[PDB]
Every structure is written in structure tokens, then in C-alpha cells.
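> Sharing data.tsv below, TSV, C-alpha atoms and all ligand atoms:
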```tsv
chain	number	residue	atom	x	y	z
L	700	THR	CA	85.24	101.66	-15.42
L	701	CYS	CA	86.71	104.56	-17.46
L	702	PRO	CA	89.59	106.42	-15.70
L	703	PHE	CA	89.60	110.25	-15.22
L	704	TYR	CA	92.50	111.01	-17.53
L	705	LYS	CA	90.38	109.66	-20.48
L	706	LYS	CA	87.48	111.99	-19.86
L	707	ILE	CA	87.21	115.59	-21.19
L	708	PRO	CA	85.37	117.76	-18.58
L	709	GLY	CA	82.43	119.88	-19.64
L	710	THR	CA	81.77	117.70	-22.65
L	711	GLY	CA	80.16	114.42	-23.59
L	712	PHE	CA	83.59	113.24	-24.84
L	713	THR	CA	86.10	110.45	-24.12
L	714	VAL	CA	89.46	109.71	-25.71
L	715	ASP	CA	90.79	106.18	-26.36
L	716	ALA	CA	88.02	104.69	-24.14
L	717	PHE	CA	86.53	101.61	-25.90
L	718	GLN	CA	87.29	98.86	-23.27
L	719	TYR	CA	84.85	99.96	-20.56
L	720	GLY	CA	81.51	99.16	-22.30
L	721	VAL	CA	78.98	101.99	-22.54
L	722	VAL	CA	80.58	105.03	-20.76
L	723	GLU	CA	77.98	107.02	-18.76
L	724	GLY	CA	77.28	110.33	-20.44
L	725	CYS	CA	79.51	109.75	-23.50
L	726	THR	CA	77.95	111.01	-26.71
L	727	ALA	CA	81.17	110.86	-28.86
L	728	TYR	CA	84.19	108.56	-28.58
L	729	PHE	CA	87.46	109.92	-30.05
L	730	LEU	CA	90.22	107.54	-31.21
L	731	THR	CA	93.71	109.17	-31.49
L	732	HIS	CA	95.36	106.31	-33.47
L	733	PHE	CA	95.12	102.63	-34.48
L	734	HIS	CA	97.30	100.94	-31.80
L	735	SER	CA	95.72	98.04	-29.81
L	736	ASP	CA	96.15	99.50	-26.27
L	737	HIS	CA	94.04	102.49	-27.52
L	738	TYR	CA	91.37	100.84	-29.75
L	739	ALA	CA	90.77	97.91	-27.28
L	740	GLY	CA	86.99	97.07	-27.51
L	741	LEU	CA	85.95	98.34	-30.98
L	742	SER	CA	84.24	95.90	-33.46
L	743	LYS	CA	81.38	95.44	-35.98
L	744	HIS	CA	79.01	95.59	-32.99
L	745	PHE	CA	79.91	99.16	-31.95
L	746	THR	CA	76.95	101.55	-32.34
L	747	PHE	CA	78.17	105.00	-31.07
L	748	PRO	CA	79.86	107.82	-33.11
L	749	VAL	CA	83.64	107.41	-33.46
L	750	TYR	CA	85.67	110.55	-34.39
L	751	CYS	CA	89.14	110.09	-35.86
L	752	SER	CA	91.41	110.75	-38.81
L	753	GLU	CA	90.70	109.49	-42.44
L	754	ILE	CA	93.49	106.90	-42.13
L	755	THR	CA	92.24	105.61	-38.68
L	756	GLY	CA	88.74	105.41	-40.26
L	757	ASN	CA	90.03	103.27	-43.16
L	758	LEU	CA	91.57	100.85	-40.59
L	759	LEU	CA	88.38	100.72	-38.46
L	760	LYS	CA	86.27	99.83	-41.51
L	761	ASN	CA	88.61	97.26	-43.17
L	762	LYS	CA	90.43	95.67	-40.23
L	763	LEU	CA	87.85	95.82	-37.38
L	764	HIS	CA	84.71	95.98	-39.67
L	765	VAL	CA	83.16	98.87	-37.81
L	766	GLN	CA	80.07	99.92	-39.77
L	767	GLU	CA	80.45	102.96	-42.03
L	768	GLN	CA	77.49	104.82	-40.44
L	769	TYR	CA	79.39	105.17	-37.11
L	770	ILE	CA	82.80	106.27	-38.53
L	771	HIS	CA	83.25	110.09	-38.62
L	772	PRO	CA	86.60	111.07	-40.27
L	773	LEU	CA	87.79	114.69	-39.80
L	774	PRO	CA	90.34	116.53	-41.85
L	775	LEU	CA	93.49	117.83	-40.11
L	776	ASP	CA	94.27	121.48	-39.38
L	777	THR	CA	90.58	122.45	-39.75
L	778	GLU	CA	88.13	123.88	-37.13
L	779	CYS	CA	85.16	121.39	-36.88
L	780	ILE	CA	82.02	121.48	-34.63
L	781	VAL	CA	81.19	118.17	-32.91
L	782	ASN	CA	78.03	117.97	-30.70
L	783	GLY	CA	78.19	121.73	-30.24
L	784	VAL	CA	81.92	121.97	-29.38
L	785	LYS	CA	84.78	123.29	-31.60
L	786	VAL	CA	87.65	120.73	-32.08
L	787	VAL	CA	90.80	120.53	-34.30
L	788	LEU	CA	92.91	117.45	-35.20
L	789	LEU	CA	96.65	117.94	-35.49
L	790	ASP	CA	99.38	115.51	-36.79
L	791	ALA	CA	101.00	113.77	-33.77
L	792	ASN	CA	104.23	112.64	-35.59
L	793	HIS	CA	103.55	109.05	-34.28
L	794	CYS	CA	102.22	106.32	-36.64
L	795	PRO	CA	100.13	106.82	-39.80
L	796	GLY	CA	96.77	108.47	-38.98
L	797	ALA	CA	97.79	109.46	-35.41
L	798	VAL	CA	96.43	112.82	-34.13
L	799	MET	CA	96.45	115.25	-31.22
L	800	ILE	CA	93.04	116.81	-30.42
L	801	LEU	CA	92.42	120.47	-29.43
L	802	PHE	CA	89.12	121.02	-27.59
L	803	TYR	CA	87.63	124.57	-27.18
L	804	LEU	CA	85.32	124.13	-24.16
L	805	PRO	CA	82.06	126.03	-23.91
L	806	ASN	CA	83.32	127.75	-20.68
L	807	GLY	CA	86.49	129.26	-22.47
L	808	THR	CA	89.02	126.57	-21.31
L	809	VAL	CA	91.25	125.14	-24.11
L	810	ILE	CA	92.49	121.52	-23.72
L	811	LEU	CA	95.18	119.73	-25.82
L	812	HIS	CA	95.24	115.87	-25.73
L	813	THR	CA	98.52	114.68	-27.40
L	814	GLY	CA	97.48	111.04	-27.81
L	815	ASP	CA	100.75	109.26	-28.48
L	816	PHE	CA	103.24	111.74	-30.07
L	817	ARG	CA	106.86	112.50	-30.94
L	818	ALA	CA	107.28	116.21	-30.18
L	819	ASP	CA	108.89	118.32	-32.86
L	820	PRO	CA	109.77	122.05	-33.28
L	821	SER	CA	107.51	122.12	-36.37
L	822	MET	CA	104.52	121.81	-33.95
L	823	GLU	CA	105.40	125.30	-32.72
L	824	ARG	CA	104.00	126.55	-36.19
L	825	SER	CA	100.78	124.61	-36.28
L	826	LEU	CA	97.38	126.10	-35.16
L	827	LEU	CA	98.85	125.79	-31.59
L	828	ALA	CA	100.78	129.11	-32.15
L	829	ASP	CA	97.55	131.20	-31.91
L	830	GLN	CA	96.31	130.75	-28.32
L	831	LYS	CA	96.67	129.61	-24.79
L	832	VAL	CA	96.19	126.00	-23.48
L	833	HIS	CA	94.89	125.59	-19.95
L	834	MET	CA	95.20	121.77	-19.67
L	835	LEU	CA	97.65	119.37	-21.46
L	836	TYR	CA	96.93	115.58	-21.43
L	837	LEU	CA	100.53	114.48	-22.15
L	838	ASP	CA	102.18	111.30	-23.60
L	839	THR	CA	104.81	110.79	-20.84
L	840	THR	CA	106.21	107.45	-22.17
L	841	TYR	CA	109.86	108.63	-21.90
L	842	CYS	CA	109.54	111.34	-19.23
L	843	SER	CA	113.01	110.87	-17.56
L	844	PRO	CA	116.46	112.18	-18.62
L	845	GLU	CA	117.98	108.76	-19.18
L	846	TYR	CA	115.73	108.34	-22.19
L	847	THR	CA	117.94	109.40	-25.05
L	848	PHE	CA	117.90	108.15	-28.70
L	849	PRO	CA	118.82	109.52	-32.15
L	850	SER	CA	116.64	111.27	-34.78
L	851	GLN	CA	114.56	109.00	-37.11
L	852	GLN	CA	116.60	110.37	-40.08
L	853	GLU	CA	119.95	109.19	-38.47
L	854	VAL	CA	118.52	105.75	-37.71
L	855	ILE	CA	117.26	105.39	-41.33
L	856	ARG	CA	120.67	106.53	-42.73
L	857	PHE	CA	122.29	103.76	-40.64
L	858	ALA	CA	119.81	101.10	-41.80
L	859	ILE	CA	120.11	102.02	-45.54
L	860	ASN	CA	123.95	102.09	-45.46
L	861	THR	CA	124.08	98.77	-43.53
L	862	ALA	CA	121.69	96.98	-45.91
L	863	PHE	CA	123.20	98.43	-49.20
L	864	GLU	CA	126.77	97.44	-48.03
L	865	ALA	CA	125.73	93.89	-47.17
L	866	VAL	CA	123.85	93.07	-50.34
L	867	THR	CA	126.55	94.70	-52.55
L	868	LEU	CA	129.17	92.44	-50.88
L	869	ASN	CA	126.81	89.45	-51.19
L	870	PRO	CA	124.05	89.68	-53.89
L	871	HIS	CA	122.62	86.43	-52.45
L	872	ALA	CA	121.79	87.99	-49.03
L	873	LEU	CA	118.10	88.45	-48.00
L	874	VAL	CA	116.98	91.33	-45.83
L	875	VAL	CA	114.26	90.76	-43.19
L	876	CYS	CA	112.43	93.44	-41.13
L	877	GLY	CA	110.20	92.82	-38.05
L	878	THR	CA	106.78	94.42	-37.47
L	879	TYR	CA	103.83	94.01	-35.00
L	880	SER	CA	101.65	97.09	-35.43
L	881	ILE	CA	101.42	100.10	-37.77
L	882	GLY	CA	104.16	102.69	-37.52
L	883	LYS	CA	107.88	102.67	-38.42
L	884	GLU	CA	107.12	101.84	-42.14
L	885	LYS	CA	110.10	104.07	-43.21
L	886	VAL	CA	112.51	101.33	-41.96
L	887	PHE	CA	111.42	98.67	-44.56
L	888	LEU	CA	110.40	101.24	-47.24
L	889	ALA	CA	113.75	103.04	-47.31
L	890	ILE	CA	115.78	99.78	-47.38
L	891	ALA	CA	113.65	98.40	-50.29
L	892	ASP	CA	114.05	101.69	-52.20
L	893	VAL	CA	117.90	101.69	-51.96
L	894	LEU	CA	117.97	98.01	-53.03
L	895	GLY	CA	115.57	98.34	-56.00
L	896	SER	CA	113.06	95.90	-54.68
L	897	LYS	CA	109.46	95.79	-53.48
L	898	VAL	CA	108.75	94.73	-49.92
L	899	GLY	CA	107.27	91.23	-49.60
L	900	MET	CA	104.72	90.37	-46.90
L	901	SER	CA	101.61	88.38	-45.82
L	902	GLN	CA	98.19	89.07	-47.11
L	903	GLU	CA	97.12	90.41	-43.66
L	904	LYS	CA	99.99	92.95	-43.53
L	905	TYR	CA	99.50	94.03	-47.18
L	906	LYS	CA	95.82	94.80	-46.36
L	907	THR	CA	96.85	96.96	-43.40
L	908	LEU	CA	99.34	98.97	-45.52
L	909	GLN	CA	96.72	99.52	-48.25
L	910	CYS	CA	94.64	101.51	-45.69
L	911	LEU	CA	97.39	104.13	-45.03
L	912	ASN	CA	97.25	106.68	-47.94
L	913	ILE	CA	100.99	106.29	-48.65
L	914	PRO	CA	101.73	107.80	-52.10
L	915	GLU	CA	102.65	105.36	-54.87
L	916	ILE	CA	102.26	102.32	-52.45
L	917	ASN	CA	101.36	99.89	-55.30
L	918	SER	CA	104.92	100.53	-56.64
L	919	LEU	CA	106.45	99.73	-53.20
L	920	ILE	CA	104.91	96.51	-51.71
L	921	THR	CA	103.76	93.02	-52.79
L	922	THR	CA	102.39	89.65	-51.62
L	923	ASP	CA	104.68	87.76	-54.09
L	924	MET	CA	107.54	86.82	-51.79
L	925	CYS	CA	109.61	85.33	-54.63
L	926	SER	CA	109.79	88.64	-56.46
L	927	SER	CA	111.16	90.49	-53.37
L	928	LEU	CA	114.53	90.57	-51.51
L	929	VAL	CA	113.21	92.59	-48.56
L	930	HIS	CA	110.72	90.49	-46.51
L	931	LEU	CA	108.49	91.54	-43.56
L	932	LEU	CA	107.82	89.10	-40.79
L	933	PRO	CA	106.10	89.28	-37.47
L	934	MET	CA	108.40	90.62	-34.78
L	935	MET	CA	108.25	87.36	-32.77
L	936	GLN	CA	109.98	85.57	-35.63
L	937	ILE	CA	113.06	87.95	-35.52
L	938	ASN	CA	115.40	85.49	-33.70
L	939	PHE	CA	117.91	82.83	-34.88
L	940	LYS	CA	115.35	79.93	-34.95
L	941	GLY	CA	112.68	81.91	-36.74
L	942	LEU	CA	115.07	83.28	-39.33
L	943	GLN	CA	116.64	79.82	-40.00
L	944	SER	CA	113.20	78.47	-40.53
L	945	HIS	CA	112.37	81.33	-42.86
L	946	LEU	CA	115.60	80.84	-44.97
L	947	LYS	CA	114.61	77.17	-45.58
L	948	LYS	CA	111.35	78.32	-47.24
L	949	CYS	CA	113.19	80.49	-49.79
L	950	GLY	CA	114.19	77.57	-52.09
L	951	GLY	CA	117.99	78.10	-52.13
L	952	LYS	CA	117.72	81.64	-53.50
L	953	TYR	CA	119.63	83.05	-50.51
L	954	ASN	CA	122.64	82.03	-48.37
L	955	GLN	CA	122.65	84.79	-45.75
L	956	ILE	CA	120.04	86.90	-43.74
L	957	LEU	CA	120.51	90.40	-42.47
L	958	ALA	CA	117.54	91.29	-40.12
L	959	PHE	CA	116.32	94.49	-38.42
L	960	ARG	CA	114.31	94.77	-35.11
L	961	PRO	CA	113.06	98.21	-34.70
L	962	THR	CA	112.57	98.74	-30.97
L	963	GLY	CA	111.91	101.79	-28.86
L	964	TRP	CA	114.53	102.86	-26.29
L	965	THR	CA	116.80	100.17	-24.86
L	966	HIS	CA	119.51	100.52	-22.11
L	967	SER	CA	122.35	100.05	-24.66
L	968	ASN	CA	121.42	103.71	-25.69
L	969	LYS	CA	123.14	104.77	-22.41
L	970	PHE	CA	126.51	103.69	-23.89
L	971	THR	CA	126.51	103.04	-27.68
L	972	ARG	CA	126.14	105.79	-30.40
L	973	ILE	CA	124.08	104.87	-33.50
L	974	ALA	CA	127.24	104.82	-35.65
L	975	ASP	CA	128.88	102.21	-33.34
L	976	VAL	CA	125.92	99.76	-33.24
L	977	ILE	CA	126.76	96.07	-33.90
L	978	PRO	CA	124.58	93.03	-34.54
L	979	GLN	CA	124.10	89.68	-32.89
L	980	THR	CA	125.36	86.95	-35.22
L	981	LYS	CA	125.04	83.13	-35.54
L	982	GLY	CA	126.49	81.60	-38.68
L	983	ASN	CA	125.01	83.16	-41.80
L	984	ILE	CA	122.33	85.20	-39.75
L	985	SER	CA	122.89	88.68	-38.28
L	986	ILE	CA	120.23	90.75	-36.27
L	987	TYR	CA	120.42	94.53	-35.64
L	988	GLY	CA	118.33	96.19	-32.90
L	989	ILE	CA	117.72	99.70	-34.06
L	990	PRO	CA	116.22	102.46	-31.74
L	991	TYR	CA	113.62	103.95	-34.11
L	992	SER	CA	111.24	105.85	-31.76
L	993	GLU	CA	107.76	107.20	-32.47
L	994	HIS	CA	107.58	108.78	-28.92
L	995	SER	CA	109.24	112.02	-27.70
L	996	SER	CA	112.71	111.84	-26.12
L	997	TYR	CA	112.96	113.56	-22.73
L	998	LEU	CA	114.57	116.63	-24.33
L	999	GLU	CA	111.94	116.87	-27.17
L	1000	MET	CA	109.09	116.59	-24.57
L	1001	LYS	CA	110.64	119.23	-22.31
L	1002	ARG	CA	111.08	121.62	-25.28
L	1003	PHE	CA	107.48	121.31	-26.37
L	1004	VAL	CA	106.00	121.75	-22.91
L	1005	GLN	CA	108.24	124.79	-22.03
L	1006	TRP	CA	107.09	126.37	-25.36
L	1007	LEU	CA	103.41	125.61	-24.84
L	1008	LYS	CA	103.37	126.82	-21.17
L	1009	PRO	CA	100.25	124.92	-20.04
L	1010	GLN	CA	98.59	125.77	-16.77
L	1011	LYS	CA	98.09	122.16	-15.74
L	1012	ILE	CA	99.58	118.81	-17.00
L	1013	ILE	CA	97.76	115.42	-16.76
L	1014	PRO	CA	100.06	112.48	-17.70
L	1015	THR	CA	98.51	109.64	-19.73
L	1016	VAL	CA	101.46	107.07	-19.49
L	1017	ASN	CA	103.35	105.65	-16.50
L	1018	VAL	CA	100.43	106.57	-14.18
L	1019	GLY	CA	100.22	103.26	-12.24
L	1020	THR	CA	102.86	103.71	-9.46
L	1021	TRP	CA	103.41	106.36	-6.79
L	1022	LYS	CA	107.11	106.56	-7.71
L	1023	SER	CA	106.37	107.16	-11.45
L	1024	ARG	CA	103.75	109.82	-10.66
L	1025	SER	CA	106.02	111.61	-8.17
L	1026	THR	CA	109.03	111.59	-10.57
L	1027	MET	CA	106.92	113.13	-13.43
L	1028	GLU	CA	105.50	115.83	-11.15
L	1029	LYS	CA	109.07	116.81	-10.08
L	1030	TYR	CA	110.14	117.29	-13.74
L	1031	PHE	CA	107.01	119.33	-14.56
L	1032	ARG	CA	107.84	121.74	-11.68
L	1033	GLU	CA	111.51	122.04	-12.70
L	1034	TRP	CA	110.44	122.90	-16.27
L	1035	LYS	CA	107.99	125.57	-15.04
L	1036	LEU	CA	110.57	127.16	-12.61
L	1037	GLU	CA	113.30	127.17	-15.33
L	1038	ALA	CA	111.11	128.83	-18.02
L	1039	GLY	CA	109.07	131.13	-15.72
L	1040	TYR	CA	105.43	130.21	-16.44
M	1101	NI	NI	100.81	104.31	-29.95
```
Please express what this file holds, its structure, as C-alpha cells.

Amino acid sequence: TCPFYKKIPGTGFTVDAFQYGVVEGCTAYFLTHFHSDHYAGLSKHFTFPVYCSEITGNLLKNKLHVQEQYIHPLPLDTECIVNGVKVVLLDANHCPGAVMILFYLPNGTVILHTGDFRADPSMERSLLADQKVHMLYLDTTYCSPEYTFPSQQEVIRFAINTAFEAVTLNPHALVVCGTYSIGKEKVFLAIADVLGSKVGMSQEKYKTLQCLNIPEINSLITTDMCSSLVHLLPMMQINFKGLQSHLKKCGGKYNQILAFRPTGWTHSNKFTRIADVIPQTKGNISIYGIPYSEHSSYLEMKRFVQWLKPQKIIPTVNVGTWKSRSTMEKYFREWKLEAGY
């Protein structure tokens, strides 16, 4: 059965609620983004209206084969009426196609559902500037002060400089990048651009990328592995065995692998600055864990919420334990007492 934090009161609407069968009273199912924990349940057999972004709709049709008649893409930054209720989709700064949803309830209440997001000061100049929000359904993935990590731009600068130095010292090095979902495409795209190569990958991954409206993509990626010196592999292969096995398949073109594992936060962020990061190495294979986050840091979350000044907060992540719930509620009350709302 569908939990309360996925239901929007006073409406026929749910958000990211496809794993509970037919939800009683739901006339429109919203999908914030194409990540498996959120889309769980959708298929060619789904026969209710799905509301989402253009990019999410391309993924639903080509990867899950949802029929075209049930996919309802909405443009961003545009007031739209759905089943008699005004809604707006906003960019969530998460993965491609990911949105926040603003709902303007018939009784005068305004609700913001962040989906998954990485808060940014630029959100302070969206359509959110114009009015009050009574309820905030908040992505609380990293809602504790220990969760620190650098900007995406600093992490990409590190990756580019690391890859360009290695391959300039050894023109026979191959670069490998791990993936297991959409998001974080800048990691492999920026490295391939500095190196003058296309990114090589499986047919399945190429298909996924072709759904994402990335400008000039045909110039950036390929399924011809032999033409490419930046390869994508599933994340589970980014270890010394998997990489050894990969290097064998490359027909003596290469004599070294430099590999990247984009992660979220890890506990080595408590001690080591991005500049000072070192790899794990065995022989001619080196593996960098790089903390490229598509979720808000604690400080970015706190900034956004103290700017928005919501009347009530409903967390959507870390909701399963009394200790997690109690900790989040303590931070929400500090933020409110500090800022005065
Ligand atoms: Ni996500």
C-alpha cells in the first residue's frame, strides 16, 4: 500500500507511486525522474495517465515500452492545468529529465515536491520567487552536517586534469568510467572532450543516452569500442578483476587503465580534500573514487529551506527509523529558529 508522503492531499494525485498496483482514488500518476527506486512498477501494461518531463517520457517509451497514449510530457517553467489543478514543473538539478513539481491546490494551499534534487541558489530566481509554499516534500538524502562534498565543477576539473595528465604521459593508457543509472554524464563526457575521443559503450547504454536531448550527442558517443579511448562499463565491473578482464579484450592496443567510480558521499570526505585524492592501484590498473553528487549537501539544503520558509516539511528520504526521523526534525526546528519563520 502507498505511503502518505507519496500522496498529494485534496487531489487525485500521487508522486513516484508505481509499485503499489492501482492506488485508490488516483487519477494521475506523476514521475519526478527515471531512477529505478522511483519508477518501480511501470511497463507496457500500464494504463493510467503518467505526467512527467519530455526526457522522462522518451525513456518511458523506449526503455520501458509504456504506450504513447498514456505518456503526458509537460514543458518546464510553464503553468499547466491537470485534471482541474494548476501545476508547474521545475528543473531539479539531479539527473537528465528530473523535476520538482509545484501544486496549486483548489483550497489555496501551495505544495512543492522536490523529487530528488541538488539545491542551488539559482532556484531562488525560478517561478518559486513569486509566492508562498505551505508544504515542502523534501529530498533529505544528506540531511546531517557531516555530509560535505565539493561542487560538481571542482570534481570535473579534477577528473579532466587527472585523465589528460595520464594519457599525455602514456598515449597507450585507456580510460574507463563506471555507470549504473542515468545521471553524472558530465564525468565521461568532459574526459572524452579533453582527450579528443568519443565515448565507447554497449548498445543498451547508447540507447539510453539517445533519449536525453543532449546537444550534439551524435558527435560525442559511439558503439564502436575500437574507435574510442574512453570506455563506459557497468559499475560492478570497476574493480581490479573486471578491469583486467576488460584490458584483455582490447587486443593489445593498451598497456594501462585509469578508471573512475563516481560515488555519492563517502566517509573519506571527512578527511581528504578533492585536490589530495589518491587512487587504489594494482600493477598497471588505477581506480579513483570521485564524490560527484546529484543530491544537496547539508549546507545547500539548509540554504534553500531557510530561503523558501515553508510552513511544514515532510521528508521523503531516511524515513524508516525513529532516530533518522527525530534527527531531521531537530535540524528543521534549528533552521526555523535561526532564520525567524
Ligand atoms: Ni534519483
> Give the residue list for ligand NI 1101 (chain M) at 10 Å, counting only C-alpha atoms and all ligand atoms, as a PyMOL selection string, sorted by chain and then by residue number.
chain L and resi 731-737+793-794+797+814-816+838+840+880-882+993-994
> Neighbouring residues of segment 910-917 of chain L were defined as those with any atom within 7 Å, considering all atoms listed in the file; residues of the same chain fewer than 6 positions away were excluded. Please report them as JSON, numbers by chain.
{"L": [754, 757, 758, 795]}
> What gap, in Å, lies between atom CA of residue 707 of chain L and atom CA of residue 810 of chain L?
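Between these atoms lies a distance of 8.3 Å.
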> Please return, as JSON, numbers by chain, all polymer residues that have at least one atom within 12 Å of the point (101.1, 105.8, -18.2); use all atoms listed in the file and the file's own coordinate frame.
{"L": [702, 704, 705, 736, 814, 815, 836, 837, 838, 839, 840, 841, 842, 1013, 1014, 1015, 1016, 1017, 1018, 1019, 1020, 1021, 1023, 1024, 1027]}
> Rank nothing, just name the residue among L:954, L:752, L:1025, L:852 nearest to residue 942 of chain L, using all atoms listed in the file.
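Result for the nearest residue to residue 942 of chain L: L:954.
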> Please write out, as AutoDock Vina command-line options, where the centre of an axis-aligned box around all listed atoms of segment 782-801 of chain L lies and how long its edges are, in Å to one decimal, after adding 3 Å on each side.

```
--center_x 91.1 --center_y 114.8 --center_z -34.6 --size_x 32.2 --size_y 23.0 --size_z 16.4
```
> So that I can see what lies close to residue 901 of chain L, please list as a list in words the residues with an atom at most 10 Å from it, counting only C-alpha atoms and leaving out residues fewer than 6 positions away in the same chain.
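Listed by chain and then number, they are residues 921, 922, 923, 924, 930, 931, 932 and 933 of chain L.
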> Which residues come within 12 Å of residue 825 of chain L, counting only C-alpha atoms, excluding same-chain residues fewer than 6 positions away, as a ChimeraX atom specification?
/L:775-777,787-791,799,801,819,1007
> Just checking: using only C-alpha atoms, which residue out of L:766, L:918, L:808, L:995 ends up closest to residue 785 of chain L?
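Ranking L:766, L:918, L:808, L:995 by distance to residue 785 of chain L, first place goes to L:808.
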> Using only C-alpha atoms, which residue out of L:926, L:851, L:742, L:980 lies closest to residue 955 of chain L?
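Closest candidate: L:980.
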